[PDB]
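Q: chains from the complex, first installment, not repositioned:
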Amino acid sequence: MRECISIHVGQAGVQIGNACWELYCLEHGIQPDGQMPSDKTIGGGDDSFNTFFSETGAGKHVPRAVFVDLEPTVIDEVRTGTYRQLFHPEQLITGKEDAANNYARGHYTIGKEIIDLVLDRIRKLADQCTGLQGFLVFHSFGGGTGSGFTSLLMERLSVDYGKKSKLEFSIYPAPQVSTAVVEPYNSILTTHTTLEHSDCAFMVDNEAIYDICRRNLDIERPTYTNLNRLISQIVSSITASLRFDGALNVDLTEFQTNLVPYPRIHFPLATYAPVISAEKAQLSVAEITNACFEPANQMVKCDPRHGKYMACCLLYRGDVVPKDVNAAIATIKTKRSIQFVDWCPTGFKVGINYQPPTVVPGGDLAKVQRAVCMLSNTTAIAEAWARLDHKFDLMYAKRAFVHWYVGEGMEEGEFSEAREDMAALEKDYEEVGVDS
Amino acid sequence: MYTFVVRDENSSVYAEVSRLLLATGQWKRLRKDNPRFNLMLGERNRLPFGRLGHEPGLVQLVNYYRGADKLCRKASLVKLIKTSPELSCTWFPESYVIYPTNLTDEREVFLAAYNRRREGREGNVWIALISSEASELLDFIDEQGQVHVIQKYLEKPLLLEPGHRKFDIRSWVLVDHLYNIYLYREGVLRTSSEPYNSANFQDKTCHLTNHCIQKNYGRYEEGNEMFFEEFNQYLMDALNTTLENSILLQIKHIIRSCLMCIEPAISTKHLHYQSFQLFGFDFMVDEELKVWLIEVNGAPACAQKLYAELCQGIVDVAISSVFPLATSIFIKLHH
Amino acid sequence: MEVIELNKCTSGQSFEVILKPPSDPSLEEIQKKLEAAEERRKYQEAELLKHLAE
């Protein structure tokens, strides 16, 4: 057994963190007081769930996770929430005042004073690991902490844990729920800095989750609670292989091996189905697999038809057998536009977990008998980079808000250096994806 | 109050469309880079499709189908027809794609069919230049630089009388956001004013029926353009048949086949933005009244006489259909 | 068309279907960055306090 440490940074990372760990407990039969009746090896063991949970002599299963925020408000709700007994205070790190949606403030000013404390708390979790795989880092693009401190943390993690893998769950900014106008700045700045330190990053566009919650859950005005419970389902689908018995993606390095042929292009598109309202009073393997190629079900709105695939993974949960999947794939292949790059094989890696997806009791999501999350590395996700870089260019041409960043000790040149790196990234997708 | 932006000032069609929108009083034009639009009259090249459909509270529509270039590029059209199971047809002339020596490629395949012609003593005239020698053609391609397409030159075309004139048929096709295919009932024939010559292919003036090349001009019909009512009457007088039976049935068939083929690739049925597009199909008719597709134009102009009616039709079924304001000129090719 | 590497267990199973074959900065440098930014902040604050003193 090999352990995975989760790191939740800033408001988005923390609130999504709670959604995920709440879901994990429901999936593994772990009570809010840390007890797990089905675990017979008391106070120890090396089961698949032990990748995420350590054990105390009193039979308490605690998350291998650290929560860090430069403001105490959000994590204080974890300290007094329903799952307060789950974590110990050392795991929950809070600062005094936040980064005010300023990358420079989160990275340089405030990051410098708290980075050693964070690393030390992480070191304590790592010292309890017989074989650490690496880290799963949850954060937003648009927040000052989520962007600025994460990038600093990822740099320091590469130094302290060179051999370990690092996976990202990143929240891409959307105006419908955004709380800052400079989020494109923060997004580009943190992507530039974290790029060489991240092995695989799963971007989640709040716009996509927002519209799915409206369209499929009939929620007029989705809240963070709505968004995060949907996000945690996708995250759970991706990490289920690390927490349950299986043979596909049972290790962090396997994500890179299966989804990331070229290091810089490490942003797989996630697509999930089905999303059914709980108030509404069952789709087949063929139907939910077909939905994986509908832009309306993707975590990032883009058009894979006008791009190329480098790799594709299908993660099923529930009543699914290989025969159904192959028949479904055969039908879809002759029905849709699925172009792979020439230097890669046209195929799918499939993983099935017989346990159907677990939903939060009294939530918006209905219990389904089978679901699927498709992870595909497609060049079409570069559309999200293009949108973001354009908004960057609009403001930066006038140097709008730049003084806030320079005021925190950041140099103006970092803006252009970060933007140039993104321009190179867009070019990389162009070369891989387009013919001429 | 609906809003739109203009990013192609060189479009004669949509300059008229944007004019009509303003006349309704319910449409307002914005600056080029204003993102808060309902409608985008986009640019011919590098249209930022990736930035469309991400403005909350806005239904956004664009006048181009992303991926339609597959049909509208000569090199792409040949590839499409050959490699698509639905298309690989009898209505498309024998074609091959050729890359220059200094610039995969089917050159040995083109020469393979060239042999049957010469060693069969039949028609071996091809067009890129219109020469009967493959050497004179290939030496021309390598000298230019760009990628050219080699296609069989239809040596036996239908000829208009009097004058022994060669012509081509232009059809305008509008495809809306629901992927309804609308054929404008008014087409046009681009005619050659010089008599068709069988011997000398050096004189490309009579062979090429482009309006610019033609401009004997305006002797027979005004602007070297014959319309459908006149051409139908000609077919009734000369060949005892109608335009609908002998030609239009084939035309409607070809348009359906081409557009239905690429539909799953370009449809915006479940996209975060919607597309429509005006197409210009160019046809060739042989002496046996058989219709051949020559090419598809993605950004076609219209006949001066037909601008008012066509552009209004674009507003009614493509724009107002998505944005309703406070018999038909099109033929709906159903599917 | 071809299913390969089928692995089965009680929790589920996994496999691969192929449709068609193919045709860092040190700790010192980081600290140097953070310190460089800190000093730039210190410089700007010093200029302000100098200005206010005037």
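A: That came in fine, so what should we check first? Numbers count the residues shown, from 1 in each chain, chains lettered A, B, ... in the order given.

Q: near chain B, which residues of the stretch 301-436 of chain A are found?
A: Residues of the stretch 301-436 of chain A lying near chain B by CB under 8 Å from any CB of the partner chain: A:301-303, A:305-306, A:335-337, A:382-383, A:386-387, A:390. Placement of C-beta: from N, CA and C, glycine included.

Q: go through these and name the one nearest chain B.
A: Checking those against chain B with CB to the nearest CB, the nearest one is residue A:383 at 3.5 Å.

Q: residues from the stretch 201-350 of chain A in reach of chain C?
A: Residues of the stretch 201-350 of chain A found near chain C (CB under 8 Å from any CB) are A:244-248, A:322, A:325-326, A:329, A:333, A:340, A:342-350.

Q: rewinding a little: need the residues of the stretch 301-436 of chain A next to chain B in a markdown table (columns: secondary structure and neighbour count).
A: Output for those, formatted as a markdown table (DSSP: H, G, I helix; E, B strand; the rest coil; neighbours: other CB atoms under 10 Å in any protein chain shown):
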| residue | secondary structure | neighbour count |
| --- | --- | --- |
| A:301 | coil | 22 |
| A:302 | coil | 25 |
| A:303 | coil | 22 |
| A:305 | helix | 20 |
| A:306 | helix | 20 |
| A:335 | coil | 11 |
| A:336 | coil | 14 |
| A:337 | coil | 15 |
| A:382 | helix | 23 |
| A:383 | helix | 25 |
| A:386 | helix | 17 |
| A:387 | helix | 23 |
| A:390 | helix | 15 |
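
Q: look up phi and psi at residue B:28.
A: With angles defined as degrees, to the nearest 10, residue B:28 sits at phi -120, psi 130.

Q: go on, the one 10 residues further on?
A: Main-chain torsions, residue B:38, degrees, to the nearest 10: phi -90, psi -30.

Q: state the distance from residue A:224 to residue A:140.
A: According to CB to CB, to the nearest Å, residue A:224 stands 11 Å off from residue A:140.

Q: PyMOL command to pick out the buried ones of the residues of the stretch 201-350 of chain A next to chain C?
A: A single PyMOL command selects the buried members of these (16 or more other CB atoms under 10 Å in any protein chain shown):
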select buried, chain A and resi 244+246+247+248+322+325+326+329+340+344+346+347+348+349+350
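
Q: among the residues of the stretch 201-350 of chain A next to chain C, which ones are in strands?
A: Within these, residues falling in strands by DSSP state E are A:346, A:347, A:348, A:349, A:350.

Q: gap between residue B:56 and chain A?
A: Counting by CB to the nearest CB, to the nearest Å, the separation of residue B:56 from chain A is 5 Å.

Q: one more, chain D:
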Amino acid sequence: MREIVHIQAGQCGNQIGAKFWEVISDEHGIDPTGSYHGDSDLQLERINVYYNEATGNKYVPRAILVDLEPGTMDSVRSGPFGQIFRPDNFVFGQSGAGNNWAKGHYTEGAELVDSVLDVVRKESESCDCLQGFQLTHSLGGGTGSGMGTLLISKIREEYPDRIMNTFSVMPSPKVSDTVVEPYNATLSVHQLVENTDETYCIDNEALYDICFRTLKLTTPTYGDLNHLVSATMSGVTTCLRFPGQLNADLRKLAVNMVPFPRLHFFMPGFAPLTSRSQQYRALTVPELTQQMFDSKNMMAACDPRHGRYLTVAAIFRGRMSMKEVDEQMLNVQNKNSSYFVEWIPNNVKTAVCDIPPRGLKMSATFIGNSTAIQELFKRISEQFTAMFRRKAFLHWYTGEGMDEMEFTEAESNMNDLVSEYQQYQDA
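A: Let me put chain D in with the others:
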């Protein structure tokens, strides 16, 4: 807990300041005694931002009252909520400032300023995490304008890394006390451009016009004008006083509203406009949205159609459909996209609070960074220059040791500010 330290200086500053504390005390369920008697838990969630706590669950405003004469502060102490203020936080002189910026800034005010800073310091040292200061004052008088800006400079010297925010009342000939008001205002604007992060420009011209035309008050008093001010101040501080995601603190607000350091002067707006006259018919969300953007509801006497919006913050209060709020807010931006700069994407942010102000089931407060605010500064600049070119009334200032060059510099800087707004209006 991000504490704010409130400061009110001069006659105007103390009168709108008192009214402000009166209004938000009622919203937070605080009686004049200082005891809580509200019903909602949301009232006490972020009450530490403006109130300190004493044993016996007493809530004392983190407010400091300053004047160079005891008159107005005597009236405050006799006012409805006069007993709620900490008696130690009353800092006053006897000489007055005679509507003279130089007296407030250089002579009379310089003698009293250390006493004020002693109280400021004591309040800051009791803060778990001070986020910054808010100052209420007029720019047309002597104490609020002159000593107020002196205070700001000295506070910035001691707390350089904190946010400085002001509610600044701009003078108007329509509602004027002395003819030297354009002098005092120009001298003050010079200070505010360099030493504040956020300034709500509250124009007495606009306040008068709203009372006269819209509110149908034949002859409005300062009390009538201040009714609008306190309502506006309640609105713009709503996101600070109640739990929320958008602009929940002073620095996040500044980061969202200020693209360029000098351009931090905001046009406030409020709907529905009410007279100190109860309303029975609650406005629909489209009505709130339409009126809050209307020039007749602006507090700066500037026509926003004469300029462009750099950034906009909107706050809706009361129980309403957030879906309809989003739809109406997007509708305004889509219909009038020509008035929003395209080089700042998504520059309009909206917040919703469940707790409505007293007397209303719902309301909307508008905060705009518009280039049309240059009309306010151009108005002052012309009034300034009309007198200064003849050096009229200058002896009041040179008599306090000021030189003409200081006036010239202040005028030059404000003119620069005007051209900077025009620059980004044509960008």
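
Q: most centrally placed residue in the chain?
A: Looking at chain A here, since you left the chain open. The centroid of chain A falls nearest to residue A:169 when counting by CA atoms, centre = their mean (2.0 Å).

Q: my question was about chain C
A: Centre-nearest of chain C using CA atoms, centre = their mean is residue C:24, 10.9 Å out.

Q: give the contact list for that residue.
A: A:155, A:158, A:159, A:162, A:196, A:197 (CB atoms under 8 Å, 6 or more residues apart in numbering or on different chains).

Q: remind me which helix or strand the first one belongs to.
A: Read that as residue A:155. In the assignment (DSSP states H and E), residue A:155 maps to helix A:150-160.

Q: which residue ranges of the stretch 1-150 of chain D form strands?
A: D:4-9, D:51-54, D:58-61, D:63-67, D:90-92, D:132-138 (DSSP state E, counting those that start in this stretch).

Q: show me the one of the ones you listed that comes nearest residue A:257.
A: Among these, strand D:132-138 comes nearest to residue A:257, with 50.8 Å by CB to CB.

Q: strands paired with that closest one, and their directions?
A: Here strand D:132-138 is paired, per DSSP bridges, with strand D:4-9 (parallel), strand D:163-170 (parallel).

Q: between these, which gets nearest to residue B:299?
A: The closest of these to residue B:299 is strand D:163-170. By CB to CB, the value is 54.1 Å.

Q: next SSE downstream of that closest one?
A: Beyond strand D:163-170 toward the C-terminal end (DSSP H and E), the next one is helix D:181-195.

Q: may I have that following helix as PDB, with CA atoms only?
A: Presented in PDB, the C-alpha positions along helix D:181-195 are these (Å, rounded to 0.1, in the frame of the first residue of the first chain):
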ATOM      1  CA  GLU D 181     -15.100  76.000  -0.400                       C
ATOM      2  CA  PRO D 182     -13.500  75.400  -3.800                       C
ATOM      3  CA  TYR D 183     -10.100  76.200  -2.200                       C
ATOM      4  CA  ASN D 184     -10.600  73.800   0.700                       C
ATOM      5  CA  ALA D 185     -11.900  71.100  -1.700                       C
ATOM      6  CA  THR D 186      -9.100  71.300  -4.200                       C
ATOM      7  CA  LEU D 187      -6.400  71.300  -1.400                       C
ATOM      8  CA  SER D 188      -8.200  68.200   0.000                       C
ATOM      9  CA  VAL D 189      -8.600  66.400  -3.300                       C
ATOM     10  CA  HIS D 190      -4.800  66.700  -3.800                       C
ATOM     11  CA  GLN D 191      -4.400  64.800  -0.500                       C
ATOM     12  CA  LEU D 192      -7.000  62.200  -1.200                       C
ATOM     13  CA  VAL D 193      -5.500  61.300  -4.600                       C
ATOM     14  CA  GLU D 194      -2.300  60.300  -3.000                       C
ATOM     15  CA  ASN D 195      -3.400  59.000   0.500                       C
END
